[PDB]
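**Q** Pasting structure.tsv here (TSV, C-alpha atoms):
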```tsv
chain	number	residue	atom	x	y	z
F	4	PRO	CA	21.40	-11.13	-14.33
F	5	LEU	CA	18.72	-13.73	-15.18
F	6	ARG	CA	18.09	-13.35	-11.42
F	7	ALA	CA	17.47	-9.65	-12.15
F	8	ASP	CA	15.34	-10.33	-15.22
F	9	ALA	CA	13.09	-12.47	-12.96
F	10	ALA	CA	13.09	-9.75	-10.30
F	11	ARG	CA	12.06	-7.19	-12.90
F	12	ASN	CA	9.51	-9.57	-14.30
F	13	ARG	CA	7.68	-10.36	-11.11
F	14	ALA	CA	7.65	-6.72	-9.97
F	15	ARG	CA	6.15	-5.87	-13.35
F	16	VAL	CA	3.48	-8.54	-12.91
F	17	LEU	CA	2.69	-7.49	-9.28
F	18	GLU	CA	2.21	-3.86	-10.25
F	19	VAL	CA	0.00	-4.73	-13.22
F	20	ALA	CA	-2.00	-7.17	-11.01
F	21	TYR	CA	-2.37	-4.42	-8.38
F	22	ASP	CA	-3.80	-2.07	-11.01
F	23	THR	CA	-6.01	-4.82	-12.42
F	24	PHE	CA	-7.29	-5.75	-8.98
F	25	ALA	CA	-7.92	-2.10	-8.24
F	26	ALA	CA	-9.96	-1.28	-11.31
F	27	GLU	CA	-11.53	-4.53	-12.69
F	28	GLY	CA	-10.99	-7.23	-10.02
F	29	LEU	CA	-10.71	-11.02	-10.28
F	30	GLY	CA	-12.56	-11.28	-13.59
F	31	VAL	CA	-9.43	-10.49	-15.66
F	32	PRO	CA	-7.61	-13.60	-16.88
F	33	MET	CA	-4.02	-14.32	-15.92
F	34	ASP	CA	-3.29	-14.26	-19.73
F	35	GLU	CA	-4.26	-10.62	-20.00
F	36	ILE	CA	-2.47	-9.84	-16.75
F	37	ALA	CA	0.45	-11.58	-18.52
F	38	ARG	CA	0.01	-9.46	-21.64
F	39	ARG	CA	-0.20	-6.11	-19.87
F	40	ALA	CA	2.97	-6.85	-17.96
F	41	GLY	CA	4.91	-7.54	-21.21
F	42	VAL	CA	5.69	-11.14	-20.20
F	43	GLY	CA	4.24	-14.55	-21.15
F	44	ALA	CA	1.64	-16.53	-19.18
F	45	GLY	CA	3.83	-19.44	-18.04
F	46	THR	CA	6.17	-17.03	-16.38
F	47	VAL	CA	3.34	-15.49	-14.40
F	48	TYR	CA	2.28	-19.03	-13.60
F	49	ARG	CA	5.89	-20.05	-12.61
F	50	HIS	CA	5.87	-17.40	-9.93
F	51	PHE	CA	2.21	-17.36	-9.47
F	52	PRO	CA	0.79	-20.91	-9.92
F	53	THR	CA	-2.74	-19.75	-9.14
F	54	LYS	CA	-4.71	-16.48	-9.05
F	55	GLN	CA	-5.07	-16.38	-5.29
F	56	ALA	CA	-1.29	-16.74	-4.99
F	57	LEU	CA	-0.97	-13.65	-7.23
F	58	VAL	CA	-3.52	-11.89	-5.01
F	59	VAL	CA	-1.51	-12.79	-1.90
F	60	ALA	CA	1.80	-11.76	-3.52
F	61	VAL	CA	0.24	-8.42	-4.52
F	62	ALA	CA	-1.01	-8.01	-0.90
F	63	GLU	CA	2.49	-8.57	0.67
F	64	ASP	CA	4.16	-6.33	-1.92
F	65	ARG	CA	1.70	-3.45	-1.36
F	66	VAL	CA	2.17	-3.69	2.42
F	67	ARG	CA	5.95	-3.53	1.88
F	68	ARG	CA	5.48	-0.64	-0.48
F	69	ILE	CA	3.41	1.36	2.04
F	70	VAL	CA	6.22	0.80	4.62
F	71	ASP	CA	8.89	1.93	2.17
F	72	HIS	CA	6.84	4.96	1.12
F	73	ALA	CA	6.71	6.20	4.78
F	74	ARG	CA	10.55	5.98	5.14
F	75	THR	CA	11.09	7.75	1.77
F	76	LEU	CA	8.67	10.42	2.99
F	77	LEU	CA	10.55	10.90	6.27
F	78	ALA	CA	13.72	11.40	4.23
F	79	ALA	CA	12.15	13.58	1.54
F	80	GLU	CA	9.71	15.72	3.56
F	81	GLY	CA	11.34	15.57	6.94
F	82	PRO	CA	9.98	14.55	10.38
F	83	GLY	CA	7.77	17.62	10.54
F	84	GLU	CA	5.59	16.96	7.45
F	85	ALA	CA	5.99	13.30	6.53
F	86	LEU	CA	2.94	12.12	8.54
F	87	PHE	CA	0.65	14.57	6.78
F	88	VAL	CA	1.92	13.52	3.35
F	89	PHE	CA	1.62	9.88	4.28
F	90	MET	CA	-1.98	10.20	5.48
F	91	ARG	CA	-2.99	12.15	2.34
F	92	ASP	CA	-1.34	9.42	0.20
F	93	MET	CA	-3.22	6.67	2.05
F	94	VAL	CA	-6.38	8.64	1.32
F	95	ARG	CA	-5.59	9.08	-2.38
F	96	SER	CA	-4.77	5.34	-2.59
F	97	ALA	CA	-8.04	4.11	-0.88
F	98	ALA	CA	-9.92	3.29	-4.14
F	99	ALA	CA	-7.03	1.11	-5.29
F	100	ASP	CA	-6.59	-0.69	-1.99
F	101	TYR	CA	-10.40	-1.29	-1.90
F	102	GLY	CA	-10.06	-3.42	-5.02
F	103	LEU	CA	-7.20	-5.32	-3.46
F	104	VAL	CA	-9.22	-6.15	-0.24
F	105	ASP	CA	-12.18	-7.24	-2.33
F	106	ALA	CA	-9.85	-9.56	-4.22
F	107	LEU	CA	-8.39	-10.87	-0.94
F	108	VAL	CA	-12.00	-11.30	0.13
F	109	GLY	CA	-13.06	-13.29	-2.93
F	110	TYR	CA	-10.66	-15.94	-1.71
F	111	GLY	CA	-11.71	-15.75	1.94
F	112	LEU	CA	-8.34	-14.15	2.78
F	113	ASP	CA	-7.38	-11.29	5.15
F	114	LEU	CA	-4.42	-8.88	4.98
F	115	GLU	CA	-2.88	-10.27	8.18
F	116	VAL	CA	-3.23	-13.79	6.82
F	117	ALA	CA	-1.80	-13.09	3.30
F	118	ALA	CA	0.81	-10.51	4.47
F	119	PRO	CA	1.77	-11.65	8.01
F	120	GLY	CA	3.14	-8.76	10.09
F	121	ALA	CA	0.97	-6.39	8.10
F	122	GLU	CA	-0.99	-5.03	11.13
F	123	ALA	CA	2.19	-4.60	13.13
F	124	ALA	CA	4.16	-3.12	10.23
F	125	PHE	CA	1.52	-0.51	9.51
F	126	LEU	CA	1.20	0.34	13.20
F	127	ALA	CA	4.95	0.65	13.79
F	128	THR	CA	5.11	2.76	10.58
F	129	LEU	CA	2.37	5.24	11.61
F	130	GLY	CA	4.07	5.09	15.02
F	131	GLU	CA	7.42	6.37	13.73
F	132	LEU	CA	5.91	9.10	11.57
F	133	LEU	CA	3.80	10.35	14.51
F	134	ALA	CA	6.74	10.27	16.97
F	135	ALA	CA	8.93	12.07	14.48
F	136	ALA	CA	6.32	14.77	13.90
F	137	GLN	CA	5.52	15.26	17.61
F	138	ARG	CA	9.33	15.55	18.16
F	139	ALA	CA	9.57	18.09	15.30
F	140	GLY	CA	6.78	20.03	17.02
F	141	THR	CA	4.23	19.99	14.17
F	142	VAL	CA	1.74	17.60	15.69
F	143	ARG	CA	0.09	17.78	19.12
F	144	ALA	CA	1.76	15.70	21.86
F	145	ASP	CA	-1.51	14.32	23.24
F	146	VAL	CA	-2.30	11.97	20.38
F	147	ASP	CA	-1.38	8.29	20.02
F	148	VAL	CA	-1.03	6.07	16.97
F	149	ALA	CA	-4.38	4.51	17.77
F	150	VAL	CA	-5.93	7.97	17.21
F	151	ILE	CA	-4.00	8.39	13.93
F	152	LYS	CA	-5.13	4.86	12.98
F	153	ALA	CA	-8.75	5.94	13.79
F	154	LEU	CA	-8.49	9.19	11.84
F	155	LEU	CA	-7.34	7.27	8.66
F	168	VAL	CA	-15.64	18.14	0.91
F	169	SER	CA	-13.27	15.19	1.49
F	170	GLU	CA	-10.41	17.74	1.18
F	171	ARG	CA	-12.18	20.07	3.55
F	172	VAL	CA	-12.71	17.16	6.00
F	173	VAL	CA	-8.99	16.27	5.72
F	174	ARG	CA	-7.86	19.89	6.38
F	175	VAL	CA	-9.88	20.18	9.69
F	176	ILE	CA	-8.23	16.94	10.82
F	177	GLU	CA	-4.74	18.22	9.87
F	178	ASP	CA	-5.41	21.61	11.41
F	179	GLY	CA	-6.76	19.89	14.55
F	180	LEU	CA	-3.61	17.78	14.51
F	181	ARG	CA	-1.17	20.70	14.40
F	182	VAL	CA	0.19	22.28	17.57
```
In structure tokens, write the structure found in this file.

**A**
Amino acid sequence: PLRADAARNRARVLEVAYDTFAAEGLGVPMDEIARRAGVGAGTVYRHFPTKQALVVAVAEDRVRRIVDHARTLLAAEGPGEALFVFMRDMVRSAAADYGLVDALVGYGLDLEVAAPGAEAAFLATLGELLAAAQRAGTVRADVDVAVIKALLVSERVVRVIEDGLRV
């Protein structure tokens, strides 16, 4: 119950910090991060004793969120279409995840150092969506996840890719 308050509180903070990292960066004080999350500063600090620790906790969370998104998509859209939705969603979310990398950069940190397993998780994720879609017969059999990985006016460029990906 107080467990669940904490769980709500830190998820609130992470999502606000994600948005703050995306748009403004590391210039925004923890206090204002605290304020936008509807929570006090010492609480942020109790989970996140420093700013880089917030940055790394946002990085892990976002990686986990991308992995959960893919599975929700497989459920919601089906094996046939989930890869296409996922790739479009990664595209849409590029500006945000830009601001997160930059933040991870300001601290001399990488994704695979802050969120260990990240590389592998993303790969295995793309891997399952591609296998599912090849199985469903919507995507060409002669493509591997390394090619999907590489593929990841803009909307026109994305449609050629999708159309060249279909069977």

**Q** Applying 10 Å and only C-alpha atoms, which residues near residue 26 in chain F remain after dropping the ones on its own chain fewer than 4 positions away? List them as a list in words.

**A**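 Counting only C-alpha atoms, the residues come to residues 20, 21, 22, 98, 99, 100, 101, 102 and 103 of chain F.
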
**Q** Hey, what's within 8 Å of residue 89 in chain F if we count all atoms listed in the file and toss same-chain stuff fewer than 6 positions away? As number ranges by chain, please?

**A** F: 72-73, 76

**Q** Please, what is the axis-aligned box for every listed atom of range 59-65 of chain F with 5 Å on each side, as centre and edge lengths in Å to one decimal, as AutoDock Vina command-line options?

**A**
```
--center_x 1.3 --center_y -8.1 --center_z -1.9 --size_x 15.7 --size_y 19.3 --size_z 15.2
```

**Q** Record the distance separating CA of residue 82 in chain F and CA of residue 138 in chain F, expressed in Å with one decimal.

**A** 7.9 Å

**Q** Have a look at CA of residue 32 in chain F and CA of residue 109 in chain F and let me know their distance in Å, one decimal.

**A**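 Taking CA of residue 32 in chain F as the start and CA of residue 109 in chain F as the end point, the length is 15.0 Å.
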
**Q** Take CA of residue 61 in chain F and CA of residue 151 in chain F and report the distance between them in Å, one decimal.

**A**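 Computed distance, CA of residue 61 in chain F to CA of residue 151 in chain F, equals 25.3 Å.
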
**Q** For residue 127 in chain F, list every protein, DNA or RNA residue within 12 Å, evaluated using all atoms listed in the file, and leave out those in the same chain fewer than 3 positions away; present the list as a ChimeraX atom specification.

**A** /F:69-70,73-74,120-124,130-134,147-149,151-152

**Q** Could you name the residues that touch residue 19 in chain F at 7 Å or less, counting all atoms listed in the file, but leaving out those on the same chain fewer than 3 positions away, as a list in words?

**A**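 Listing them by chain and then by number gives residues 15, 16, 22, 23, 36, 39 and 40 of chain F.
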
**Q** Any chance you could export the current selection's C-alpha atoms as a PDB file, keeping the file's coordinate frame?

**A**
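This went into part-v3.pdb:
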```pdb
ATOM      1  CA  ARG F  15       6.150  -5.870 -13.350  1.00  0.00           C
ATOM      2  CA  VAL F  16       3.480  -8.540 -12.910  1.00  0.00           C
ATOM      3  CA  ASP F  22      -3.800  -2.070 -11.010  1.00  0.00           C
ATOM      4  CA  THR F  23      -6.010  -4.820 -12.420  1.00  0.00           C
ATOM      5  CA  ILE F  36      -2.470  -9.840 -16.750  1.00  0.00           C
ATOM      6  CA  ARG F  39      -0.200  -6.110 -19.870  1.00  0.00           C
ATOM      7  CA  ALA F  40       2.970  -6.850 -17.960  1.00  0.00           C
TER       8      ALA F  40
END
```

**Q** Is it possible to get the residues within 9 Å of (7.3, -11.4, -15.4) (coordinates as in the file, counting all atoms listed in the file) written as a ChimeraX atom specification?

**A** /F:8-17,37,40-44,46-47,50

**Q** Go through F:182, F:7, F:66, F:33 one by one, measure the shortest atom-to-atom distance of each to residue 141 in chain F using all atoms listed in the file, and give the residue with the smallest value.

**A**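 The shortest atom-to-atom distance to residue 141 in chain F comes from F:182.
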
**Q** Kindly indicate which residue among F:78, F:108, F:90, F:175 lies nearest to residue 28 in chain F, using only C-alpha atoms for the distances.

**A**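 Counting only C-alpha atoms, the residue closest to residue 28 in chain F is F:108.
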
**Q** Of the candidates F:128, F:180, F:155, F:140, which one gets nearest to residue 71 in chain F if we count only C-alpha atoms?

**A**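 The answer is F:128, which sits nearest to residue 71 in chain F.
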